[PDB]
């Protein structure tokens, strides 16, 4: 079950890295569109979508495998904060498709706040996994 700890750590760390890369790509893509780099922006938008799908799958696996009573509530809190973040990054993508600076501003506050919480929740989970091992 120590092998399970390593699999859980890989899922959590990769999910969060891919999730922030998804958002970074959509913001970069938006700036590319502003500069007229429209073929390059589309690559960024495709990578944002793909990174969202991959990171969501890893979060889902993480919560499927976080059965221990010490982790159950914290893993669901991670599931919920991650869903909040993913819905903000989907908002960033829609604002980019609409080329709307104001729509981007509205949703970006939600994205930054949910990512700040993901960083602190990750540390809580790392600590619980660490005592679990």
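Residue numbers count along the first chain shown, from 1.
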According to the deposited model, is the average Cα temperature factor higher in 25 to 33 or in 62 to 70?
62 to 70
Using the B-factors recorded in the PDB entry, average over the C-alpha atoms of 52 to 60 and of 77 to 85, then report which stretch comes out higher.
52 to 60
Chain thirds of CA B-factor: placement of residue 108:
middle
In terms of the chain's CA B-factor thirds, is residue 123 lowest, middle or highest?
highest
Quick tally, chain-level thirds of C-alpha B-factors: residue 13 sits in the middle
